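Report on the following structure.
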RNA sequence: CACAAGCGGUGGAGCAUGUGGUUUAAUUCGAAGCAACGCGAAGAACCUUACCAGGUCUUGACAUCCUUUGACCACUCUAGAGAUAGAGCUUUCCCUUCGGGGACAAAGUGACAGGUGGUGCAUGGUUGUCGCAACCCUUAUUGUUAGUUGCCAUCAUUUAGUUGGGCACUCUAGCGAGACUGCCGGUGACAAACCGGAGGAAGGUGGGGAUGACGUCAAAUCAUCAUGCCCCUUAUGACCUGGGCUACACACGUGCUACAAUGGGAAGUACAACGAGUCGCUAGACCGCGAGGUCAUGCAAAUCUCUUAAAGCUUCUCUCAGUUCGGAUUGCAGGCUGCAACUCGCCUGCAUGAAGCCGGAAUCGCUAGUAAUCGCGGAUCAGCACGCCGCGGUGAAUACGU
Ligand SMILES: [Zn+2]
């Protein structure tokens, strides 16, 4: 079930400590960055294609 | 390694006595990279040596080193499924390596209330042909010059 | 005999020998010895019979005796005889605080 | 001194280009513009697992640098205000003029 | 540690206030295992849902600071 | 006055040293070098350039140091003192050059790699 | 999985970001607005063969530019289609938008165009061996240092999957100053999905 | 670093955590020699949540169409564990040529929706494992351009780099230089290459990163996402409260703390770097033994704060003991976040004071600022780290040989 849960995520929560983040492309609930609102492996996918401005591969 | 022999790891002679041997002795006492503690220990031990029935810490230390270092070590080897042991000579750096190693190891196991009361006492006992370090040397010389039997044509 | 309950050891300072009575830890010994004015001086108990009675009369104001073991015992006793989830565990030799029993009972169950 | 700029960007090429634009069009009509002083270039770091299901022990790391540049203007004139608040190029560079 | 007043639920406290008059009934059936045992719960018989059933628990006096969940376990070992 | 200035770097620490004729002494950050680096004997590492060249006095040394640890910012002080001595007379660039005392030590802290416990220490393994 | 994305290895070295704006404290909203935009305008792209799209933005206006190979069939008769693009994009972004349409030259030398075209033959029951061959033939005639193609999946609409491609000229991948291009598309004939990849080397 | 030479471990003890096994109403699903087992999970009290027990709905929690049409609400009060139902002010034309279109509740109305259900042996995509060099990044030296919020050498001044002054020095960051067997000696087929020297901050791919060919294991993943075929459809779909995911006769892996004097305790004195901050980081003053609390202050940041680092050094103790070592377990009293800490959080104080005196067979990591040891920051996040990613401080032993 992953189409009712995205709907249930966007309605206002029943208590303060009941809201939680999800990805915005997919609905992945684990390991989302809250500066981009993207999950672990949409970040690595849109960093290539140079769409996220800023981000690039790091080496030092 | 496999390619061939390697360098020798130059050391920096300590400034107090200007003697690279005291540097290696400081490096062997030190544990966990706490070097100032090792330095304090060696200097207190030498103060204890000179103050009590001493002449100079370098002299008695060199003599103790001379009395402990080995001159005939054996190597246990494998041939084709049966293993033995054979004596061989001993190159110089290995000699001082072994000497320092034994002295520190057997001072660490003394049983007094300070590493200095152990180190000074042990290298004094060593500069007078006594102490488990000298007995370790003689165990080595006795293992050699006996196990030359199955070493005579190795 | 010695100064409280039984047998405060010899040869040690008072701030440490006073630990040996059930109910006196380390800061409690400090506070007791400070409400009177007794120091250690130096690594021995060479007190006076005024110092012993001094440090004896003040311990009476605490629960340092087999009057404390009674309290602890009857506490666990009240626990195990109502419901009780904590007492149920007290009766099995199992951790009574929530401890994910995979190894954490070798202390609690040997 | 009662007028000063701040410019942030992700590319020092565009950054220096626009800084020279403003400095040139400022000293053309006035004088005494303090140089484009460089600031210490913040950096961030993002580590991510590069596989969808397993294998934690192989990762890929990203970053995002943010270059900074400072310009202070000394003794403006009723023409510098005009000739400054009008030039606007380019797109992805932050400009923030505080008195 | 709710030193800003202990915690009951309104439904539970409503029911107990309503029966506070006369001799009491065993039908106080609430889920509510987070509530503490106020000193007025004595003598009643609360039914505490343990995830599967409604266990009854008789409130003596020694149980007066604990919670209602401490008297209805959930695991079923041996 | 006349003075001589040099800059010394070692392992995240940078020092700014000043040579000034005097009677032989060194103060760092408005304190005495006996108290600032009172460890045991690092001072006998600091006074080495005077020991090898321009033997051996007399200059008061004033330094400004910041960064690193107590053992890094003494090798840095030594570096700086040597450079300043070089500045006094260029004829010293041989005796100093023979005994090190003129080069920067480029031994920095190696960076940590992912999947490893440290820069090079790996996790514990089990063939089965 | 043992190759890096060739236009993510090179971003920030010799090529630029396809999204050039700087914002802080309004960054998530902007990124998802760009995603929405770009995921919408794949409507006309279904026929008009667009390749890239560059989003810039100002105080409250959003400057857009799209690279296509069909200028008239994307703007209208006298300008009756860009009108609709703007009046539709305003309904999403709630801002002012200004499309500045570019036109692409030499369209056979573009990774997305080539691969998307030679992934439309596979749907019309065409054999793959000559689709890729004619693709690299009409990519070399435009003048290119090298090209490489690859199709994957259930080939011929058959059983267990395999893969095969063809190469022409050199395509150096490890050279950072190389200016290579890349794209990955999909299609079906009747069975599952297929993956078509294409690399073109165009000097540096 | 495959053995050999070494240094420190694991296996013994307590605790944290993952897995098997058993148990259960459920202990959700995936990973299985190297290449599964602090792995997906970079955050299980409710949520997350797929699992279980009770209470509920059926064109539907979510999308399009067509018609009546059209502006939908939110707020208050009783019943209820809530889901929901019953009553109260009312969802009320924003285009008008008098003739239409956007948002939307209900209904009808069925096309239809919905599935973390199966098949990684039907697939795309994304990884693991065996495992050219240069162009790019960072670190080691310096010229020049620019001196604020950085810096203070030549001057007065105060609590002080603070305020007048200055951009010398350090620093920050744009653009350039510099390392090429490039010179000098020997070996060697005079060749490639190797050994030694000069000069220089650096010498022989200076140190480290990114970069992973053709292929191998029908290796991993329908549970990130897509998707061919099969299956469910008043239920395998959907809403709510409470419970597992944390159960414990045991077995295996990865870690943390110790078994003390190179130590434990009390007082004083020092020295970093990477990063984070607006309803966030908290200066300062006071109250509390403490964790903390109150009034208040600067800062959207080289300006203020998190942030006086810990090992270190100097004094005074303690004396080889299951102990002034060790800190498991239990009793009582508090604090903080949160609607709420029983199952099942972190922290504080007083009391208690377990095993453990260096660990067999066997087995692991590492070639230099490395091993060993010591702290600091942040992603995720109300709260919650012995795990993960980075940063710097002190700083070794050895490599005869295949
Ligand atoms: Zn995602």
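Protein chains in written order, with PDB author numbering: chain n, 2 to 61; chain g, 2 to 155; chain m, 2 to 111; chain j, 4 to 102; chain s, 4 to 81; chain i, 3 to 130; chain c, 2 to 205. Ideal placement from N, C-alpha and C gives every residue a C-beta, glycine not left out.
- The beta carbon of residue 40 of chain n is closer than 7 angstroms to those of 24, 27, 29, 32 and 33 in its chain, skipping five residues each way along the sequence.
- If you check each beta-carbon in the stretch 60-86 of chain m against every beta-carbon of chain s, the ones closer than 9 angstroms belong to 79, 82, 83, 84, 85 and 86.
- In the three-state scheme derived from DSSP, where H, G and I count as helix and E and B as strand, residue 67 of chain j is classed as strand.
- Look at residue 72 of chain j: its C-beta is not under 8 angstroms from any C-beta on chain n.
- Comparing alpha carbon positions, the residue from c:87, c:160, c:91 and c:147 closest to residue 109 of chain c is c:147.
- Cβ neighbours of residue 62 of chain j within its own chain (closer than 8 angstroms, five residues either side excluded): 50, 51, 52 and 53.
- Residue 120 of chain c is a Cβ neighbour of residue 188 of chain c, given a cutoff of 8 angstroms.
- Residue contact with chain n for residue 92 of chain j: absent (no Cβ-Cβ distance below 8 angstroms to any residue of chain n).
- Listed in chain order, the non-local C-beta contacts of residue 133 of chain c below 6 angstroms within the same chain comprise 150 and 167, local neighbours out to five positions each way being set aside.
- If you draw a 10 Å sphere on the C-beta of residue 38 of chain s, you find 16 or more other C-beta atoms in it, and that means buried.
- Of all residues in the stretch 21-42 of chain c, only 21, 22 and 23 place a beta-carbon less than 7 angstroms from a beta-carbon of chain j.
- Annotation: the continuous alpha helix (DSSP H) that includes residue 38 of chain i extends over 35-38.
- Here DSSP, grouped into helix, strand and coil, assigns residue 67 of chain s to coil.
- Inter-residue distance for residue 4 of chain g and residue 180 of chain c is about 41 angstroms (C-alpha atoms, whole angstroms).
- Not flagged as an interface residue toward chain i: residue 21 of chain j, since no C-beta distance is shorter than 8 angstroms.
- At a cut-off of 8 angstroms, the C-beta of residue 66 of chain s has a neighbouring C-beta in chain m.
- Straight through space, the alpha carbons of residue 60 of chain c and residue 90 of chain c are spaced by roughly 17 angstroms.
- Look at residue 61 of chain n here: in three-state DSSP terms it is coil, with no helix or strand label.
- Per DSSP, residue 18 of chain g has no beta bridge partner at all.
- Look at residue 104 of chain i: its beta carbon is at least 7 angstroms from all of the heavy atoms in ligand 1.
- Here the alpha carbons of residue 74 of chain g and residue 53 of chain i stand approximately 43 angstroms from one another.
- Contact check for residue 107 of chain g against residue 134 of chain g passes: the beta carbons are separated by less than 8 angstroms.
- By the criterion of at least three beta-carbon pairs nearer than 8 angstroms, the stretch 40-47 of chain i is not in contact with the stretch 51-68 of chain s.
- Distances from the alpha-carbon of residue 83 of chain c to those of c:96, c:94, c:67 and c:95 put c:67 closest.
- Cβ-Cβ separation between residue 25 of chain m and residue 34 of chain m: approximately 11 angstroms, too far for a contact (criterion under 8 angstroms).
- Taking a Cβ-Cβ cut-off of 7 angstroms, residue 19 of chain n has no neighbours in chain c, whose nearest Cβ is about 21 angstroms from it.
- Residue 69 of chain s is a Cβ neighbour of residue 40 of chain s, given a cutoff of 8 angstroms.
- Selection j:25, j:88 and j:40 evaluated against residue 34 of chain j yields j:25 as nearest (Cα-Cα).
- When secondary structure is reduced to three states using DSSP, residue 118 of chain g falls in the helix class.
- The three-state reading of DSSP puts residue 96 of chain m in coil, since its state is none of H, G, I, E or B.
- For the C-beta of residue 13 of chain j, the chain c residues within less than 7 angstroms are, from N- to C-terminus, 23.
- Here residue 61 of chain s is exposed, its C-beta having fewer than 16 other C-beta atoms within 10 Å.
- For residue 93 of chain c, the distance from the CB to the nearest heavy atom of ligand 1 is not below 7 angstroms.
- DSSP places residue 13 of chain j in the coil class of the three-state scheme, outside both helix and strand.
- For residue 35 of chain s, the closest of s:24, s:71 and s:78 by C-alpha to C-alpha distance is s:71.
- For residue 124 of chain g, the closest alpha carbon among the candidates g:10, g:25, g:69 and g:77 is that of g:69.
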